[PDB]
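Here the structure is laid out as structure tokens; the discussion comes afterwards.
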2 protein chains.
Amino acid sequence: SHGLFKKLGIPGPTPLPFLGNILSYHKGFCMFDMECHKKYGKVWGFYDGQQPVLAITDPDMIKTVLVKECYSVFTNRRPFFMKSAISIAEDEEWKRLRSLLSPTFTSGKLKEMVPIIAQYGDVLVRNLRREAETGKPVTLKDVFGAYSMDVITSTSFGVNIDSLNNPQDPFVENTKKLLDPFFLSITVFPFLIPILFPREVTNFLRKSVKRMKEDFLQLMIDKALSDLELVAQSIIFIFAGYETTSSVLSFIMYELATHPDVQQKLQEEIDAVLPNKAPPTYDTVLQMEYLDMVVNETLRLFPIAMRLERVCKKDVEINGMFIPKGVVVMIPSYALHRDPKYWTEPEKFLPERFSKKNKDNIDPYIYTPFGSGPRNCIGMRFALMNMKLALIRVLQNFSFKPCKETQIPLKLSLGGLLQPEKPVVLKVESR
Amino acid sequence: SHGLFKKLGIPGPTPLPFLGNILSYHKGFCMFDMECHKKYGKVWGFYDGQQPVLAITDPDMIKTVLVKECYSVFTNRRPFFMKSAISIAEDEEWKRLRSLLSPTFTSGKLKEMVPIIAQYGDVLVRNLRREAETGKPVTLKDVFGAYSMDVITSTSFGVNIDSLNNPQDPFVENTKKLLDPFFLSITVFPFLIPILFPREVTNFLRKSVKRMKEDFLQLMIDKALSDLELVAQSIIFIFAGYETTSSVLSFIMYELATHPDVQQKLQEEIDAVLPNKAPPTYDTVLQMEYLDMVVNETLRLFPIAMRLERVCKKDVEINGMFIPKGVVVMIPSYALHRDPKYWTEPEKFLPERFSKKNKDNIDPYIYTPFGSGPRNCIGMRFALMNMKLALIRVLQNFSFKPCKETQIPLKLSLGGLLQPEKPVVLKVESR
Ligand code: HEM
Ligand code: HEM
């Protein structure tokens with residue numbers, strides 16, 4: 001089906017048989033999208049193996065894909081027991097999951113979780129203090145991974161542990177048992193998908209559900225919600241709240257160290273709203289406008305999901321172009337967030353973009369770090385609050401500086417995760 | 001997912017891992033269904049490999065599966081360039097194909113084809129005459145296969161050839177290039193379906209389309225109908241009108257020879273409506289009530305499609321039982337057509353079942369030789385007329401008797417086609 005886009009008069013790189021365009025992935029998903037946007041412009045088509053993928057960059061078309069024609073045509077992502085997971089689930093079954101999980105992520109239910117995750121903010125500082133007193137730079141991912149792992153367990157299960165100081169709490173190690181060659185192989189060869197996580201891990205969770213069959217799990221329990229449906233959601237939660245939270249935090253702290261003006265200016269906002277290391281609260285966080293700007297700006301530079309995808313369930317025509325059924329429509333968020341067409345000096349870190357003065361000039365469909373429409377990121381409010389509560393406690397206590405080992409400029413990982421090439425390592429000084 | 005039916009409280013044979021229930025196929029699809037109906041009764045569940053299949057035998061439930069909830073839940077068959085074929089096509093794309101082909105199979109367009117296929121009835125007789133004069137029995141499949149191949153080409157393409165006397169007319173041989181180990185392997189292992197007809201054959205057809213891109217093909221041309229969409233339909237047509245037509249004709253002539261009372265009684269109906277070997281016409285065929293009864297009764301005994309299947313697209317509850325999504329619902333036509341619950345002496349051949357006196361007692365959802373609902377057999381009227389026009393010319397000229405080589409009782413093929421175990425071979429005498 002390599003002839004498809006040329007049959008539609010849609011430009012794009014020339015697919016090779018079988019491989020499609022995946023050989024262009026050597027520069028990384030995101031550079032491909034950026035090279036692609038530069039030369040083909042506003043729409044282009046490429047092949048993930050034999051799978052055609054249509055990339056759109058027009059905000060009207062995007063709104064039509066993510067919001068307008070969502071339930072009708074573009075309801076699902078491509079599929080590539082976890083078929084129950086809300087992100088993989090499809091059509092009426094996704095709808096069902098989403099409707100049952102929508103109240104679990106209310107602004108409401110977040111305010112109740114704030115005293116819980118705040119506490120792990122206090123734990124991050126002590127671990128940070130341990131290293132700062134040593135006098136020497138830190139590998140952010142180990143203390144932000146420890147923080148993010150601690151938070152996500154007790155939020156989804158209510159087990160109070162300390163990843164960084166409790167080596168093998170039996171729940172700790174099994175949580176660490178998470179993990180590409182696969183993806184690339186499957187992108188070109190998804191035709192071995194109907195052939196193939198440790199059965200060991202699902203059990204201890206499906207088991208662990210019992211101790212609650214007696215956290216998200218309760219709010220979820222609050223067609224019947226199959227216990228194993230419940231397990232599929234928690235695993236999606238654990239991966240979401242782990243890998244994303246620690247990565248974004250690394251990216252923020254790198255931007256704060258390389259811009260001491262922003263960091264100290266953020267430290268001032270924290271010191272006025274929360275005088276003398278006052279404990280962060282839910283209403284308080286929502287007051288810190290410059291913190292909101294610092295977070296949104298780091299997510300503009302580093303949208304960890306990179307792309308947003310929808311399958312075209314039927315032959316349709318949106319805003320004047322014909323989308324055949326089975327085409328994957330792709331919104332290249334990364335490339336869009338760095339497009340001189342919509343952003344000034346896109347490579348620069350300028351939190352003032354999102355000022356109450358300039359936030360209104362921003363097209364919500366160009367800026368999609370959490371996606372948009374009914375199928376956008378459900379854990380958005382929680383993710384933002386999880387990260388903001390960590391930054392507050394940290395900048396209430398420390399200031400961060402680059403070191404000889406700080407990789408400046410930060411280079412991105414060549415693979416399919418959005419993470420630093422080299423781990424962010426910064427000097428930590430107690431204020 | 002072998003635990004699924006026991007989790008639903010649905011009885012059925014005990015699946016083995018991987019294999020599911022396919023080891024029960026040794027007796028043949030149809031006997032399995034019949035053994036199954038006998039012991040589990042009105043609903044049962046079995047596994048084609050890992051694929052759960054729910055068999056229903058209640059006429060209300062069947063109506064709900066084939067007619068009521070067709071477009072909503074049970075729109076497609078299981079999928080196991082031919083994705084364009086109308087029988088394999090799905091949802092709005094099937095709808096599109098069906099709507100474009102509906103007028104091609106009108107009662108109207110059939111009346112125009114009658115002079116065409118009548119002519120090949122005259123050809124069958126000459127070939128039959130050749131063998132009858134020899135004085136000796138005939139292998140029905142060779143002269144009914146020749147007839148059915150001749151008819152289907154000129155109906156779908158308008159090429160006047162004589163399969164039995166033209167050895168290798170280039171269109172003849174390529175048509176013969178049609179053809180189970182696959183099915184069974186794929187039933188248990190459909191998980192290699194995303195890995196795999198001669199590319200040679202599609203070409204000569206996709207090519208041949210040109211000579212008409214300048215028959216069904218025109219009526220079809222009479223979203224755009226992709227030339228290759230056109231090719232997918234014709235191949236479905238060629239297989240339909242070949243293998244089914246010749247098989248049913250064999251089955252009819254076997255029932256006519258083993259019941260000379262019916263055959264001579266059918267010969268009388270033909271001689272009154274069509275005096276002195278008068279040429280059959282469209283209005284004339286539709287007058288032969290006992291011919292209609294003989295055909296319907298042979299199709300009751302021998303529904304060549306055997307089963308009717310629908311995939312459950314979403315979790316629903318029909319007439320009081322819960323059908324989860326992705327379950328294949330199966331209506332075991334064969335077993336239903338031979339169920340003492342609805343038929344008297346089901347093994348007997350009694351065309352009087354369908355008399356104008358007793359046809360009204362017949363439940364259209366128990367008797368589904370062509371299926372029912374929007375997705376029933378589209379070539380039904382044409383198939384019936386194709387066979388009736390052949391029987392008329394034949395019984396206008398010959399009477400058929402069993403021989404030493406006539407396999408009485410007729411045993412059925414153990415495989416997955418519905419055909420005689422041994423080829424029907426009958427003595428042919430000129431009247
Ligand atoms: C800053 C960290 C995160 C970012 C940048 C992020 C971003 C995204 C994006 C871009 C999408 C796709 C939406 C679309 O295609 O329109 C998504 C989906 C999703 N996200 Fe996140 N996410 C983050 C953290 C989390 C967390 C902590 C959770 C929950 C614990 C979560 C739960 C989900 C779910 C369930 C979906 C799928 C929603 C659906 O299919 O209906 N995310 N996220
Ligand atoms: C006596 C010979 C035949 C018999 C017993 C027969 C029977 C059947 C049956 C039982 C079905 C399935 C319907 C359902 O699942 O509800 C079917 C489908 C179909 N039949 Fe036939 N058929 C015969 C000959 C033909 C011929 C000659 C053609 C056309 C040339 C044809 C075209 C079709 C098509 C296109 C479908 C699929 C319809 C759809 O998916 O919408 N059949 N047939």
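Chain labels follow the order of the structure tokens: the first chain is A, the next B, and so on; residue numbering restarts at 1 in every chain, and ligands are counted from 1 in their shown order.
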
* Could you pull the residues within 7 Å of stretch 171-188 of chain A, counting only C-alpha atoms, minus those fewer than 4 positions along the same chain, as a PyMOL selection string? -> chain A and resi 18-19+48-50+163+201+415-416

Hey, can you spit out that residue selection with C-alpha atoms as a CSV table (one decimal), in the first residue's frame?
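Written out: again-v5.csv:
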chain,number,residue,atom,x,y,z
A,18,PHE,CA,8.4,-3.4,3.8
A,19,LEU,CA,10.4,-0.9,5.8
A,48,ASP,CA,5.5,2.9,9.4
A,49,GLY,CA,6.4,-0.3,7.7
A,50,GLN,CA,3.3,-1.0,5.6
A,163,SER,CA,12.2,3.8,47.3
A,201,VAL,CA,4.0,-9.0,38.0
A,415,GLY,CA,15.4,6.3,20.9
A,416,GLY,CA,11.7,6.3,21.2

* To do: All residues within 8 Å of ligand 2 are required, counting only C-alpha atoms and all ligand atoms; please report them as a PyMOL selection string.
  => chain B and resi 66+76-77+86-89+94-95+98+152+233-234+236-242+244-245+248+299+303-310+368-380+382-384+386-387

Write the selection just made, keeping C-alpha atoms, as a compact mmCIF listing (two decimals), in the first residue's frame?
# COMPACT_ATOMS: atom_id res chain seq x y z
CA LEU B 66 -29.23 -11.42 11.76
CA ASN B 76 -19.49 -8.37 10.18
CA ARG B 77 -18.21 -11.96 9.86
CA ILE B 86 -18.24 -7.58 -0.16
CA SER B 87 -18.35 -10.67 2.06
CA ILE B 88 -15.19 -9.69 4.00
CA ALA B 89 -15.74 -5.92 3.89
CA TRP B 94 -19.54 -3.23 3.47
CA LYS B 95 -22.68 -1.05 3.39
CA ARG B 98 -23.75 -3.78 -0.76
CA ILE B 152 -20.34 -17.67 -14.21
CA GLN B 233 -16.23 -8.70 -6.15
CA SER B 234 -15.84 -10.76 -9.31
CA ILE B 236 -16.25 -13.64 -4.85
CA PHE B 237 -18.75 -14.08 -7.67
CA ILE B 238 -16.66 -16.70 -9.46
CA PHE B 239 -16.20 -18.81 -6.32
CA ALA B 240 -19.83 -18.41 -5.33
CA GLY B 241 -21.29 -19.33 -8.69
CA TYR B 242 -18.88 -22.14 -9.29
CA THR B 244 -21.87 -23.79 -4.87
CA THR B 245 -23.83 -24.20 -8.08
CA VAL B 248 -26.05 -28.15 -5.11
CA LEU B 299 -31.03 -26.92 0.27
CA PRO B 303 -27.01 -25.91 3.09
CA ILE B 304 -23.62 -25.57 1.43
CA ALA B 305 -22.57 -22.68 3.69
CA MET B 306 -23.31 -24.91 6.78
CA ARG B 307 -23.00 -22.11 9.36
CA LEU B 308 -23.81 -18.39 9.49
CA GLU B 309 -21.48 -16.17 11.58
CA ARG B 310 -21.50 -12.63 13.02
CA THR B 368 -31.50 -20.16 6.49
CA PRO B 369 -29.85 -21.80 3.45
CA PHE B 370 -29.10 -18.30 2.13
CA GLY B 371 -29.01 -16.64 5.54
CA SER B 372 -31.24 -13.73 6.45
CA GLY B 373 -31.17 -10.05 7.30
CA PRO B 374 -29.30 -7.29 5.50
CA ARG B 375 -26.19 -9.48 5.16
CA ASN B 376 -27.88 -12.51 3.64
CA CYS B 377 -26.85 -14.04 0.33
CA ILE B 378 -26.94 -11.34 -2.30
CA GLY B 379 -26.72 -13.81 -5.21
CA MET B 380 -29.70 -15.82 -3.97
CA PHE B 382 -29.49 -15.59 -9.36
CA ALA B 383 -28.27 -18.86 -7.78
CA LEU B 384 -31.78 -20.29 -7.66
CA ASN B 386 -29.13 -20.57 -12.39
CA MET B 387 -29.87 -24.00 -10.92

* To do: Residues of chain A near chain B: apply a cut-off of 9 Å, count only C-alpha atoms, and supply the list as a ChimeraX atom specification.
  => /A:91-93,189-196,223,314-315,325

Produce a file of the selected residues containing N, CA, C and O atoms, as a PDB file, in the first residue's frame.
ATOM      1  N   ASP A  91     -13.450   2.421  21.294  1.00  0.00           N
ATOM      2  CA  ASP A  91     -14.855   2.735  21.049  1.00  0.00           C
ATOM      3  C   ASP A  91     -15.714   2.680  22.300  1.00  0.00           C
ATOM      4  O   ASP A  91     -15.364   3.293  23.301  1.00  0.00           O
ATOM      5  N   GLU A  92     -16.836   1.970  22.257  1.00  0.00           N
ATOM      6  CA  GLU A  92     -17.723   1.947  23.413  1.00  0.00           C
ATOM      7  C   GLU A  92     -17.023   1.398  24.659  1.00  0.00           C
ATOM      8  O   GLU A  92     -17.393   1.758  25.788  1.00  0.00           O
ATOM      9  N   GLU A  93     -15.989   0.573  24.496  1.00  0.00           N
ATOM     10  CA  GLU A  93     -15.320   0.020  25.662  1.00  0.00           C
ATOM     11  C   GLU A  93     -14.370   1.039  26.273  1.00  0.00           C
ATOM     12  O   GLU A  93     -14.250   1.139  27.498  1.00  0.00           O
ATOM     13  N   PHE A 189       7.245  -4.573  11.380  1.00  0.00           N
ATOM     14  CA  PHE A 189       6.658  -5.904  11.463  1.00  0.00           C
ATOM     15  C   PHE A 189       5.676  -5.924  12.631  1.00  0.00           C
ATOM     16  O   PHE A 189       5.948  -6.509  13.689  1.00  0.00           O
ATOM     17  N   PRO A 190       4.525  -5.263  12.474  1.00  0.00           N
ATOM     18  CA  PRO A 190       3.408  -5.489  13.384  1.00  0.00           C
ATOM     19  C   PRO A 190       2.648  -6.741  13.024  1.00  0.00           C
ATOM     20  O   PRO A 190       1.668  -7.096  13.684  1.00  0.00           O
ATOM     21  N   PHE A 191       3.074  -7.391  11.964  1.00  0.00           N
ATOM     22  CA  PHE A 191       2.423  -8.586  11.509  1.00  0.00           C
ATOM     23  C   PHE A 191       2.875  -9.817  12.305  1.00  0.00           C
ATOM     24  O   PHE A 191       2.426 -10.929  12.057  1.00  0.00           O
ATOM     25  N   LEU A 192       3.699  -9.624  13.323  1.00  0.00           N
ATOM     26  CA  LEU A 192       3.941 -10.645  14.327  1.00  0.00           C
ATOM     27  C   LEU A 192       3.330 -10.290  15.675  1.00  0.00           C
ATOM     28  O   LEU A 192       3.507 -11.046  16.628  1.00  0.00           O
ATOM     29  N   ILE A 193       2.566  -9.200  15.693  1.00  0.00           N
ATOM     30  CA  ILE A 193       1.838  -8.833  16.936  1.00  0.00           C
ATOM     31  C   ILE A 193       0.912  -9.969  17.366  1.00  0.00           C
ATOM     32  O   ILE A 193       0.857 -10.228  18.585  1.00  0.00           O
ATOM     33  N   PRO A 194       0.178 -10.670  16.466  1.00  0.00           N
ATOM     34  CA  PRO A 194      -0.640 -11.794  16.925  1.00  0.00           C
ATOM     35  C   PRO A 194       0.226 -13.015  17.090  1.00  0.00           C
ATOM     36  O   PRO A 194      -0.114 -14.068  16.593  1.00  0.00           O
ATOM     37  N   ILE A 195       1.356 -12.917  17.751  1.00  0.00           N
ATOM     38  CA  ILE A 195       2.081 -14.143  18.022  1.00  0.00           C
ATOM     39  C   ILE A 195       2.371 -14.115  19.508  1.00  0.00           C
ATOM     40  O   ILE A 195       1.927 -14.990  20.260  1.00  0.00           O
ATOM     41  N   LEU A 196       3.055 -13.068  19.949  1.00  0.00           N
ATOM     42  CA  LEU A 196       3.364 -12.958  21.363  1.00  0.00           C
ATOM     43  C   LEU A 196       2.163 -12.957  22.295  1.00  0.00           C
ATOM     44  O   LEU A 196       2.348 -13.062  23.514  1.00  0.00           O
ATOM     45  N   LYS A 223     -21.972  -2.988  32.753  1.00  0.00           N
ATOM     46  CA  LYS A 223     -20.858  -3.969  32.846  1.00  0.00           C
ATOM     47  C   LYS A 223     -20.099  -3.741  34.154  1.00  0.00           C
ATOM     48  O   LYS A 223     -20.056  -2.586  34.620  1.00  0.00           O
ATOM     49  N   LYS A 314     -13.209   5.245   9.316  1.00  0.00           N
ATOM     50  CA  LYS A 314     -14.000   5.136   8.093  1.00  0.00           C
ATOM     51  C   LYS A 314     -13.557   6.220   7.127  1.00  0.00           C
ATOM     52  O   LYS A 314     -12.960   7.224   7.526  1.00  0.00           O
ATOM     53  N   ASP A 315     -13.884   6.012   5.851  1.00  0.00           N
ATOM     54  CA  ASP A 315     -13.480   6.928   4.793  1.00  0.00           C
ATOM     55  C   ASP A 315     -14.216   8.235   4.967  1.00  0.00           C
ATOM     56  O   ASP A 315     -15.444   8.285   4.849  1.00  0.00           O
ATOM     57  N   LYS A 325      -9.985   4.897   5.391  1.00  0.00           N
ATOM     58  CA  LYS A 325     -10.112   4.197   6.663  1.00  0.00           C
ATOM     59  C   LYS A 325      -8.878   3.343   6.949  1.00  0.00           C
ATOM     60  O   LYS A 325      -8.311   2.723   6.044  1.00  0.00           O
TER      61      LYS A 325
END

* Structure fact -> Shortest contact to ligand 1, candidates A:203, A:344, A:156, A:119, atoms counted only C-alpha atoms and all ligand atoms, goes to A:156

* To do: Mind checking which residues fall within 8 Å of stretch 261-274 of chain A, counting only C-alpha atoms, ignoring those fewer than 6 positions away in the same chain, and posting them as a list in words?
  => residues 280, 284, 287, 288, 290, 291, 392, 395, 396 and 399 of chain A

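You can rank A:281, A:327, A:29, A:336 by their closest distance to residue A:4 using only C-alpha atoms, and at the top of that list sits A:327.
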
* Please provide as a list in words all residues within 10 Å of residue A:231, with the sequence filter that same-chain residues fewer than 3 positions apart are discarded (counting only C-alpha atoms). =>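 Residues near the query, excluding close chain neighbours: residues 81, 82, 84, 85, 202, 203, 205, 206, 207, 208, 209, 217, 226, 227, 228, 234, 235, 236 and 237 of chain A.
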
Export of prior selection with C-alpha atoms as a compact mmCIF listing (two decimals), in the first residue's frame:
# COMPACT_ATOMS: atom_id res chain seq x y z
CA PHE A 81 -5.04 -8.85 28.83
CA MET A 82 -3.92 -5.22 28.56
CA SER A 84 -8.61 -3.49 28.83
CA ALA A 85 -6.23 -0.57 29.39
CA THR A 202 0.29 -9.05 36.99
CA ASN A 203 -0.33 -11.74 39.62
CA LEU A 205 -0.98 -6.90 41.51
CA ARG A 206 -4.11 -8.94 40.70
CA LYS A 207 -3.37 -10.57 44.02
CA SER A 208 -2.67 -7.20 45.69
CA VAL A 209 -6.07 -5.96 44.46
CA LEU A 217 -8.42 1.17 43.13
CA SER A 226 -13.37 -6.67 36.08
CA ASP A 227 -10.63 -6.98 38.68
CA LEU A 228 -8.29 -7.47 35.72
CA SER A 234 -3.15 0.68 37.46
CA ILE A 235 -0.28 -0.47 35.24
CA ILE A 236 -1.09 2.35 32.83
CA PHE A 237 -1.08 4.61 35.89
